[PDB]
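First up is the structure itself, then whatever we jot down about it.
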Amino acid sequence: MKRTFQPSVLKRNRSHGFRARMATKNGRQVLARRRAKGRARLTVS
Amino acid sequence: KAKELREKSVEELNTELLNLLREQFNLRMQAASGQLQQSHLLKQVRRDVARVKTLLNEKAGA
Amino acid sequence: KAXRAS
Amino acid sequence: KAXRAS
Amino acid sequence: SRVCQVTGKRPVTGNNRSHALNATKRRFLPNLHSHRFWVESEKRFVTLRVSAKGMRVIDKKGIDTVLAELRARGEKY
Amino acid sequence: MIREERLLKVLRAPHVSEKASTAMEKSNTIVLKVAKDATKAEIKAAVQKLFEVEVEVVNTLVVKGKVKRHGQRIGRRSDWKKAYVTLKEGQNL
Amino acid sequence: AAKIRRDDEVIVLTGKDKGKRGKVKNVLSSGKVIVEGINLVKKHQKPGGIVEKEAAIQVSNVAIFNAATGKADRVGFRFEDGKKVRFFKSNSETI
RNA sequence: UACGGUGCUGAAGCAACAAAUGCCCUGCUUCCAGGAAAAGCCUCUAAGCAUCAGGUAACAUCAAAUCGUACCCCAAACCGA
RNA sequence: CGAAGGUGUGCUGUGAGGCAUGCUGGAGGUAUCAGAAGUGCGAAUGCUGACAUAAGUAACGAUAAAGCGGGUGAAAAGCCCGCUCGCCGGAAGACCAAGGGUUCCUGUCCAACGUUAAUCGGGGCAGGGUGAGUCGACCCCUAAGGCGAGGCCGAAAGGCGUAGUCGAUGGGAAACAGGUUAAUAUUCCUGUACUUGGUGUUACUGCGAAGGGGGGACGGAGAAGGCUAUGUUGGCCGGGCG
RNA sequence: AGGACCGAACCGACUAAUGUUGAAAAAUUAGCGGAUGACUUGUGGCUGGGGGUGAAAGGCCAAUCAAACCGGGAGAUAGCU
RNA sequence: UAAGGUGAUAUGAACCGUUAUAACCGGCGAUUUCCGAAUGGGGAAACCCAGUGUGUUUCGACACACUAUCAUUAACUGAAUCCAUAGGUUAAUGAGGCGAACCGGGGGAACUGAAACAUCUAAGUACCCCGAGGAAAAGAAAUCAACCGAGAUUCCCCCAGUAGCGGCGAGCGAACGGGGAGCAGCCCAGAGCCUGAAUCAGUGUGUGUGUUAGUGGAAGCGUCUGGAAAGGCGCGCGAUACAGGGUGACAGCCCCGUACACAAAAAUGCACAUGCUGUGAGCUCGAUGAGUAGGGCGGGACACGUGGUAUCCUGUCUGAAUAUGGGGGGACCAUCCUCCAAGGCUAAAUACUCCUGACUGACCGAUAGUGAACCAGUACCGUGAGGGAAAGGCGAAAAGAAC
Ligand SMILES: [K+]
Ligand SMILES: [K+]
Ligand SMILES: [K+]
Ligand SMILES: [K+]
Ligand SMILES: [K+]
Ligand SMILES: [K+]
Ligand SMILES: [K+]
Ligand SMILES: [K+]
Ligand SMILES: [K+]
Ligand SMILES: [K+]
Ligand SMILES: [K+]
Ligand SMILES: [K+]
Ligand SMILES: [K+]
Ligand SMILES: [K+]
Ligand SMILES: [K+]
Ligand SMILES: [K+]
Ligand SMILES: [K+]
Ligand SMILES: [K+]
Ligand SMILES: [K+]
Ligand SMILES: [Mg+2]
Ligand SMILES: [Mg+2]
Ligand SMILES: [Mg+2]
Ligand SMILES: [Mg+2]
Ligand SMILES: [Mg+2]
Ligand SMILES: [Mg+2]
Ligand SMILES: [Mg+2]
Ligand SMILES: [Mg+2]
Ligand SMILES: [Mg+2]
Ligand SMILES: [Mg+2]
Ligand SMILES: [Mg+2]
Ligand SMILES: [Mg+2]
Ligand SMILES: [Mg+2]
Ligand SMILES: [Mg+2]
Ligand SMILES: [Mg+2]
Ligand SMILES: [Mg+2]
Ligand SMILES: [Mg+2]
Ligand SMILES: [Mg+2]
Ligand SMILES: [Mg+2]
Ligand SMILES: [Mg+2]
Ligand SMILES: [Mg+2]
Ligand SMILES: [Mg+2]
Ligand SMILES: [Mg+2]
Ligand SMILES: [Mg+2]
Ligand SMILES: [Mg+2]
Ligand SMILES: [Mg+2]
Ligand SMILES: [Mg+2]
Ligand SMILES: [Mg+2]
Ligand SMILES: [Mg+2]
Ligand SMILES: [Mg+2]
Ligand SMILES: [Mg+2]
Ligand SMILES: [Mg+2]
Ligand SMILES: [Mg+2]
Ligand SMILES: [Mg+2]
Ligand SMILES: [Mg+2]
Ligand SMILES: [Mg+2]
Ligand SMILES: [Mg+2]
Ligand SMILES: [Mg+2]
Ligand SMILES: [Mg+2]
Ligand SMILES: [Mg+2]
Ligand SMILES: [Mg+2]
Ligand SMILES: [Mg+2]
Ligand SMILES: [Mg+2]
Ligand SMILES: [Mg+2]
Ligand SMILES: [Mg+2]
Ligand SMILES: [Mg+2]
Ligand SMILES: [Mg+2]
Ligand SMILES: [Mg+2]
Ligand SMILES: [Mg+2]
Ligand SMILES: [Mg+2]
Ligand SMILES: [Mg+2]
Ligand SMILES: [Mg+2]
Ligand SMILES: [Mg+2]
């Protein structure tokens, strides 16, 4: 049966990548929150 | 050793750089070949290159 | 580049 | 070549 | 934005109040109109987005005084 | 013309292996570890200057470093560039 | 400055070797010293054998031996000729 | 022959018939529901250049970097703990 | 010359408790009278960890299927080699994209992992291995769509959009056969090619774009002819005489 | 010619049995429907939560849907256990 | 500053150093890839691709610098369109992004409470957004008071759960006045005279005084138990040092410190003294903030829910007097008192702690205390936002068990 996760690196990066996050103020707030939490991996990039 | 290099000119320092880089290349080949017994020479030449390049920048002015 | 869309 | 710094 | 260029009148918020005193949020907009003002000094029409109140200010003060005020704020025409 | 300072940095080590040994004996090809940003033109220039041999052609590949574990702690070795430098016929290093 | 240094004749204040004397062979940044003949351990060395060797002793468990008085002394610091010297506290003599 | 494989030597090497869903075919015929774009490419001149630049062809010569390239891939390596 | 804690034992108070002491433990403990509370647990389908029970029970994942000899080994139903058998064969073969990322090859090891054993492994460990002008990416070009200088709009945040600029799943130059590694190959080697661009020279010369035009450049269905891949048979050549 | 016919691939899911601490949080086996179309499929794109999308079942919107998920208001409130 | 040293797991190797270029510590420099505001263009972050100018070459190439956007100003240029303007290019300067709280502003819930619920509450809270500073904001009376007076703002304690507000329910909740902290006043709306005199800013030289490394720093032995003494016992000694830590059990005197006394080549905070460059003090003469105050309509804010509702703000429509005048004194009027709006600046008392140092705790002691004593915002889970663990202790010494 076809499950929900069908990986595409292009779609991954376009959906959730660093530059997608930087493109909007809300995406930049994600990065701010993840930096403040001290995440080793800020994004899927 | 910076005492000695400080008394050299720019062109004298530039030839010393190329001489150290050539030695650094030769040591790197020996060390890679398992022929360099004296591992400490790699650090010596590396720090000597740094010293010469520091003085070259001091001669040209910050 | 442009009214076609580029 | 060296853009790294040489 | 709905901002008078002369006065700086902008949308303000408040309540609609029903007979039963139900408060629903509303806005009060300025009575804004794009109007071409004759400036005899420059020998030109200047279009300003102006509240009706701002037009009475221009009538009272004169367009040259008002435009000088806009230049000091760095508000463009 | 590449500067000699650059040429003295690009060649890192001779690569020792059965394949490298076979490359030298059969095809007159030395295998070198080279700086990761070394181009074919720089490697050619460096080999001709420093080893004093005529180079025919340089082939290059990037070796991706292996993921390894040191005491159930995960690590990755560095990527490095390998150069197959084919010397002109009769040069003999 | 360090009161106990390499080559000093020390006397052991504390432990199994209390009272014994030896020369300080090395001074470790741990705050411990290897004194020759002192604090001997029998290491079971792999190929290799059972080897008697000096284990490091705490530096505060040895004292500078004042050979004149023939006893453990304490060290102090003086300046003499614009240079810091050690002196024995008891007799006030430069070491 | 170190029984895994190495080194050497090497004949004939044609015809007929059948034959694609592949090729001719971005074709042809026919239909209505009427079937991308832009560049490369070819050509035209403009301002400008005007015994040059530039074009064209011939020859010579140099250059063509960088990154990917292992392996699985209807699956024990991907999506399903 | 043995603290707390742990574990016995004895004594003791109406009770919560208390005292003493053997052993363990190996460095803390704390009277009294006051003072303060994270102050007392069996329940909350409480929370975390540990460990039971069912139970050595069910199950060991397609009913394509094994048998034997030899090898290696501490040990072989399972590994290696051999013979036989069976199963797939528009696939259960082969090559890829996507995705994964060393799983590849070699040596070595068998704790754990592998639903069993394991000498074997996609497992551990170490070393090796990916070679390009022509394959692909990058690159030129655009689609849907995205972003978008100015701009228009919007309490703010922002929204939309012009020039632009991105964006393949589409358009745009060129390499083939043979050989080869344990592991790469249209990449290495051999043989034989091809493409685009830069210089230089020779000859002849209207060159010149952000502009014009052409072209690129396009549907469904159907039909038939001509072909090749490919197959079959003969001929040929080598071997055979059961 | 055809939302034409029979029938593989491909798309689907009518019946039955099995399975129901599964081989599988929807399958397997035997049959079954469509199979040039209102078909099917790859890659990429767009629509966002009282919102989308819906040949309409309150279906679907990441195993979640009469108002997704995550974080926050937050120790909501709980005359109940 | 030094007799040791080349960071950790973590040995080893090869070295370096011992009286001063080993190492280490501090000041100031140098170097400082790529991504990221990311800024030469692009982009699936850590990559791809340029232009331009200089310089260099072995003509294959190489090196270096610059090239974002916006704002402001300047220069030059330049449409329709004649002037002109828009527009264009170039230069200089600034901005941009990040950051825990505190602060000001623009927007702004609901659960909940009211034993239902709509007014009301929750609450101008949560949250979103913008902007700032070391604090912010506020601030020098068109203020109160009550016929006596006070004298800017802010903060604390009272006043007082009072007066009031309130489906007069639930709830909400002042002020006057008093006691304190801290105190500070000014400038423009304009000329003239006299001159640059007052006072803070800026940028230097000194001067002290902090900070960023450091230096010296007292005094104990014997014996007993023990693996070990710091314990017991005996006899001493220092104390402006008996804070604290370490050492083979509990150490004033073994070590590191502690009290105390000293220290800076260099950079820099601060407080002053003194140049330079802006800056203008003082006096006389004035002047005295208009689409404003006020009004009508709609809202909002005031403890105050439209109420008899003063006062403030203004979306909308209007609209004075301007010192012979105007505002306020809780409907309103008269009288009296008091103040002077429609311009602006201003320290301190106040708020906060991402961060640095020291010190403290009837705070925790590994299921506690941070989620995290440990390589934890990790492993792991999730497309993603996001969620999010478990896991400390040999010994005094590895003497970590040769054979
Ligand atoms: K390959
Ligand atoms: K693949
Ligand atoms: K006990
Ligand atoms: K007590
Ligand atoms: K329980
Ligand atoms: K059991
Ligand atoms: K078995
Ligand atoms: K290529
Ligand atoms: K490229
Ligand atoms: K026969
Ligand atoms: K919803
Ligand atoms: K409510
Ligand atoms: K209720
Ligand atoms: K004693
Ligand atoms: K000691
Ligand atoms: K002590
Ligand atoms: K008014
Ligand atoms: K009055
Ligand atoms: K925890
Ligand atoms: Mg080649
Ligand atoms: Mg390559
Ligand atoms: Mg067909
Ligand atoms: Mg391959
Ligand atoms: Mg309790
Ligand atoms: Mg219990
Ligand atoms: Mg109970
Ligand atoms: Mg159980
Ligand atoms: Mg059994
Ligand atoms: Mg049973
Ligand atoms: Mg049974
Ligand atoms: Mg069974
Ligand atoms: Mg099986
Ligand atoms: Mg076994
Ligand atoms: Mg067998
Ligand atoms: Mg079997
Ligand atoms: Mg077999
Ligand atoms: Mg592996
Ligand atoms: Mg394998
Ligand atoms: Mg097993
Ligand atoms: Mg393996
Ligand atoms: Mg847009
Ligand atoms: Mg493009
Ligand atoms: Mg494509
Ligand atoms: Mg292969
Ligand atoms: Mg044929
Ligand atoms: Mg049909
Ligand atoms: Mg269906
Ligand atoms: Mg079926
Ligand atoms: Mg039918
Ligand atoms: Mg059919
Ligand atoms: Mg229904
Ligand atoms: Mg679902
Ligand atoms: Mg709802
Ligand atoms: Mg709440
Ligand atoms: Mg609750
Ligand atoms: Mg950019
Ligand atoms: Mg850039
Ligand atoms: Mg800023
Ligand atoms: Mg209620
Ligand atoms: Mg202020
Ligand atoms: Mg009075
Ligand atoms: Mg000292
Ligand atoms: Mg002392
Ligand atoms: Mg002990
Ligand atoms: Mg006034
Ligand atoms: Mg008033
Ligand atoms: Mg008014
Ligand atoms: Mg009124
Ligand atoms: Mg109101
Ligand atoms: Mg009044
Ligand atoms: Mg914890
Ligand atoms: Mg414990």
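Letters go in sequence order (proteins before strands), and every chain restarts at 1.
- When the nearest nucleotides of RNA chain K are assigned to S45(A) and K46(G) by heavy-atom distance, the more 5′-ward of the two goes with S45(A).
- Of the residues in residues 60-78 of chain G, those placing a heavy atom less than 4.0 Å from an atom of RNA chain K are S60(G), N61(G), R74(G), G76(G), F77(G), in numerical order.
- The bases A342(K) and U89(K) are not paired as Watson-Crick or G-U wobble with both atom distances under 3.5 Å.
- The pentose of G48(J) belongs to the south class of puckers. Its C1'-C2'-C3'-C4' angle has a negative sign.
- With both distances under 3.5 Å, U230(I) pairs with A18(H) in Watson-Crick or G-U wobble fashion.
- Within the 4.0 Å cut-off from OP1 or OP2 of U85(K), not a single side-chain nitrogen or oxygen of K43(E) is found.
- At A155(I), one or more side-chain N or O atoms of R2(E) fall inside 4.0 Å of OP1 or OP2 (strictly under the cut-off).
- Side-chain atoms of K60(E) come within donor-acceptor range of the base of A290(K), with a qualifying N/O pair under 3.5 Å.
- Contacts between residues 3-42 of chain A and RNA chain J, defined by a heavy-atom separation under 4.0 Å, are made by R3(A), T4(A), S8(A), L10(A), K11(A), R14(A).
- The torsion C1'-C2'-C3'-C4' is the criterion here, and for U211(K) it is positive, giving a north pucker.
- Of all nucleotides present, only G34(J) satisfies the Watson-Crick or G-U wobble test against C10(J), with each distance under 3.5 Å.
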Show the numbers, then the answer: is there a side-chain contact (heavy atoms from CB on, under 4.5 Å) between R28(A) and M22(A)?
CA-CA 5 Å; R28(A) 288 185 302 267; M22(A) 290 299 292; 3.9 Å; yes
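- Taken together, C28(H) and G222(I) qualify as a Watson-Crick or G-U wobble pair under the 3.5 Å criterion applied to both distances.
- When rounded to the nearest whole Å, the span between CZ of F28(E) and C1' of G106(K) equals 17 Å.
- Note on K68(F): a side-chain N or O is less than 4.0 Å away from OP1 or OP2 of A126(I).
- In textbook terms, a nucleotide whose glycosidic angle is within 90° of 0 is syn, while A273(K), being further out, is anti.
- Consecutive residues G196(K) and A197(K) form an unstacked step, taking six-membered ring centres below 5.5 angstrom and planes below 30 degrees as the test.
- OP1 or OP2 of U318(K) has at least one side-chain nitrogen or oxygen of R56(E) nearer than 4.0 Å.
- Legend: stacked base step between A60(H) and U61(H); six-membered ring centres less than 5.5 Å apart, planes less than 30° apart.
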Generate the contact string for nucleotides 180-192 of chain I. Rules: B means base contact, S means sugar-phosphate contact only, - means no protein heavy atom under 4.0 Å.
--B-B--SS----
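- Regarding contacts with the backbone of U165(I), a side-chain N or O of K1(C) is found under 4.0 angstrom from either OP1 or OP2.
- With a negative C1'-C2'-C3'-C4' torsion, the sugar ring of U309(K) falls in the south range.
- For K66(F) and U102(I), the shortest distance from a side-chain N or O to OP1 or OP2 is not below 4.0 Å.
- Sugar pucker of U338(K): north, as indicated by a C1'-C2'-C3'-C4' torsion of positive sign.
- The side chain to side chain donor-acceptor pair (under 3.5 Å) pairs that include a residue from residues 31-44 of chain G number zero, where partners must be two or more places apart or lie in different chains.
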Which letter, B, S or -, goes with each nucleotide of nucleotides 6-15 of chain K from 5' to 3', with contact meaning a protein heavy atom under 4.0 Å?
S---B---SS
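- Contacts between residues 40-53 of chain F and RNA chain K, defined by a heavy-atom separation under 4.0 Å, are absent.
- Side chain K81(F) to base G68(H): no donor-acceptor pair is found below 3.5 Å.
- Cation-pi contact between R86(G) and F88(G): absent, since separation from the ring centre below 6.0 Å together with deviation from the ring axis within 45° is not met.
- The list of side chain to side chain donor-acceptor pair (under 3.5 Å) pairs with a residue in residues 46-56 of chain G, not counting sequence neighbours, is empty.
- Nucleotide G149(K) is annotated as paired to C144(K) [Watson-Crick or G-U wobble, both distances under 3.5 Å].
- Remark: the bases of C235(K) and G10(I) do not meet in a Watson-Crick or G-U wobble pair with both edge contacts under 3.5 Å.
- Comparing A76(H) with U115(I), their P atoms are spaced 12 Å from each other, to the whole Å.
- Contact annotation: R27(E) reaches the phosphate of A155(I) (side-chain N/O to OP1 or OP2, under 4.0 Å).
- Adjacent in the strand, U47(J) and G48(J) do not form a stacked pair, their six-membered rings missing the 5.5 Å centre or the 30 degree orientation threshold.
- With sequence neighbours excluded, the residues satisfying side-chain contact (heavy atoms from CB on, under 4.5 Å) with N26(B) are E23(B), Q30(B).
- Nucleotide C125(I) is annotated as unpaired relative to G27(H) [Watson-Crick or G-U wobble, both distances under 3.5 Å].
- The nucleotide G365(K) finds no pairing partner, because no Watson-Crick or G-U wobble arrangement with both distances shorter than 3.5 Å includes it.
- Under 4.0 angstrom from either OP1 or OP2 of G400(K) there lies at least one side-chain N or O belonging to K43(G).
- Using a 4.0 Å heavy-atom cutoff across all strands shown, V12(E) reaches sugar-phosphate atoms only and no base atom.
- Taking atom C1' on both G215(I) and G191(I), the two are 40 Å apart, rounded to the nearest angstrom.
- A negative value of the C1'-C2'-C3'-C4' torsion places the sugar of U115(I) in the southern pucker family.
- A canonical Watson-Crick pair (purine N1 to pyrimidine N3 plus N6-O4 or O6-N4) or a G-U wobble (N1-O2 and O6-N3), each contact under 3.5 Å, is absent between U279(K) and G286(K).
- Contact annotation for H19(E): no contact, since no heavy-atom pair falls under 4.0 Å across all strands.
- Base stacking between strand neighbours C188(K) and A189(K) is present, with six-membered ring centres closer than 5.5 Å and ring planes inclined by less than 30 degrees.
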Distance-only criterion, 3.5 Å: show the donor-acceptor pairs between side-chain atoms of residues 54-62 of chain B and protein atoms not counting sequence neighbours.
residue, atom, partner, partner atom, Å
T54(B), OG1, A50(B), O, 2.6
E58(B), OE1, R6(B), NH1, 2.8
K59(B), NZ, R6(B), O, 2.9
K59(B), NZ, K8(B), O, 3.2

Kindly give the atom pairs (protein nitrogen or oxygen, nucleotide nitrogen or oxygen) under 3.5 Å for nucleotides 300-307 of chain K.
residue, atom, partner, partner atom, Å
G300(K), OP1, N15(E), ND2, 2.7
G300(K), OP1, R17(E), NE, 2.8
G300(K), OP1, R17(E), NH2, 3.0

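- Under 3.5 Å, the side chains of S51(E) and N31(E) contain no donor-acceptor pair of N or O atoms.
- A152(K) and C183(K) have their P atoms separated by 15 Å, given to the nearest Å.
- Taken together, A173(I) and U103(I) do not qualify as a Watson-Crick or G-U wobble pair under the 3.5 Å criterion applied to both distances.
- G54(H) and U205(I) make up a base pair, with Watson-Crick or G-U wobble contacts both under 3.5 Å.
- A Watson-Crick or G-U wobble pair joins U30(H) and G220(I), with the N1-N3 or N1-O2 distance and the second distance both under 3.5 Å.
- To the nearest 0.5 angstrom, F77(G) atom CZ is 8.0 Å from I95(G) atom CD1.
- The base of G133(I) engages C194(I) as a Watson-Crick or G-U wobble partner, both distances under 3.5 Å.
- Set against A156(I), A397(K), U56(K), the side chain of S1(E) has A156(I) as its closest nucleotide.
- For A115(K) and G308(K), the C1' atoms lie 36 Å apart once the distance is rounded to whole Å.
- For residues 6-21 of chain B, proximity to RNA chain K is found at no residue, defined as any non-hydrogen atom under 4.0 angstrom from a strand atom.
- Of the residues in residues 46-62 of chain B, those lying under 4.0 Å from RNA chain K by heavy-atom distance are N57(B), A62(B).
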